[PDB]
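Only one chain comes next, encoded as structure tokens, the form deposited in one PDB entry.
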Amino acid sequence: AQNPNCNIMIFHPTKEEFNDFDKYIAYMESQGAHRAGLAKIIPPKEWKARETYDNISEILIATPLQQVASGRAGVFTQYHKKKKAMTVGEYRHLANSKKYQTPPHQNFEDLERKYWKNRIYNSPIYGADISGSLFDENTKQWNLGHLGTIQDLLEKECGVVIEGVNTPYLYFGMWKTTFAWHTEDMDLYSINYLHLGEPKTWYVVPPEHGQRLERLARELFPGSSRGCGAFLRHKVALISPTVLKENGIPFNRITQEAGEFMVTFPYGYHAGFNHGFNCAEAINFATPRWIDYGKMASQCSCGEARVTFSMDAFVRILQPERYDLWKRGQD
């Protein structure tokens, strides 16, 4: 078995290997990359996403989210308070202000220490989940707006044509902006490109051990767990590496820098935080290997998780027994 310790693997494809996206994902899996739940892909030196980032300041962040924490430093939830619209140029200035800017630090490990010590005492503002793309239309390789769609994959594998669309999302971050522990909708893959700015630190649980994280989360968030049998779908719970280690949960960590891709694999729980002002682009995708994960994915039906239009067909076709209850949660 390749990668039996489930380590995060880093890949350096050549420009020739960067042509065929599906083929490269399958290659990474042949080497055991998926066992970690997360892989890094460093693009060939010849590649670029676009020519420059000098002209992005007028993008609008219609609903910036203030991420307010509750709990203890290593075990907390966050809720999202909606703020007034602002441009990316305005958001960048805010991220760099004295109230929000990254503190002085020695290295990524010192900054990680500071994040886990102090995150709960601040409420950073995240420009998350903005439909759009920063890839140039002429970028032919690993262009996250030009990937094969999940609807087409399901149709190719299973023969059923379905409604729905699959487009990317932009994320504008600042120091301490946080992504809570989650797997993707329908335990899909994700791919994330860090276009510009400061790093993003990731934590990940191997897919084969995801239920260990779920059991800890039920223990640590006992009211939330009574409320919903899949409450991590709400994307609000944080647990620190120190707490994971104390509870024997297998995990790994890695820091993504500008110009790098990360892929999350089906049922790979992940969480993390941004180091400072940055911009990422991410999208879900599928492969043949996903279908079995999609069929088994948990679902939130309590009403909290509320998701895209396109998840309807995935549930309807892959999980017909669950469909009626899940759809009630949507309505």
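Residue positions are given as counts along the sequence shown, with the first one as 1. Here the rigid core means the biggest group of C-alpha atoms that line up within 1.5 Å when the two forms are laid on top of each other. Residues that one form lacks are left out of the comparison.
The PDB entry records a higher mean C-alpha B factor for 227 to 235 than for its counterpart among 227 to 235 and 207 to 215. As recorded in the PDB entry, 320 to 328 is the stretch of 4 to 12 and 320 to 328 with the greater mean C-alpha temperature factor. By the numbers in the PDB entry, the CA B factor is greatest at 105 among 105, 176, 182, 200.
Between the residues 263, 33, 271, 300, it is 300 that shows the highest Cα B-factor in the PDB record.
The deposited CA B-factor of residue 279 belongs to the lowest third of values across its chain. When the CA B factors of the chain's modelled residues are split into thirds, the value for residue 138 lands in the highest one. The deposited CA B-factor of residue 53 belongs to the highest third of values across its chain.
The PDB entry assigns residue 248 a C-alpha temperature factor belonging to the middle third of its chain's modelled residues. When the modelled residues of the chain are ordered by C-alpha B-factor, residue 47 sits in the highest third.
There is another form of this protein, the form deposited with a small molecule bound, and it is not shown here; the text below is about that form.
The closest heavy atom approach of residue 305 to the small molecule in the bound PDB entry falls within 4.5 Å. Contact annotation: residue 300 falls within 4.5 Å of the small molecule in the bound PDB entry, judged by heavy atom distances. The protein segment that moves between this form and the one not shown, counted as a run of at least three consecutive residues with every Cα displaced by 2 Å or more relative to the fitted core, is 324 to 329 alone.
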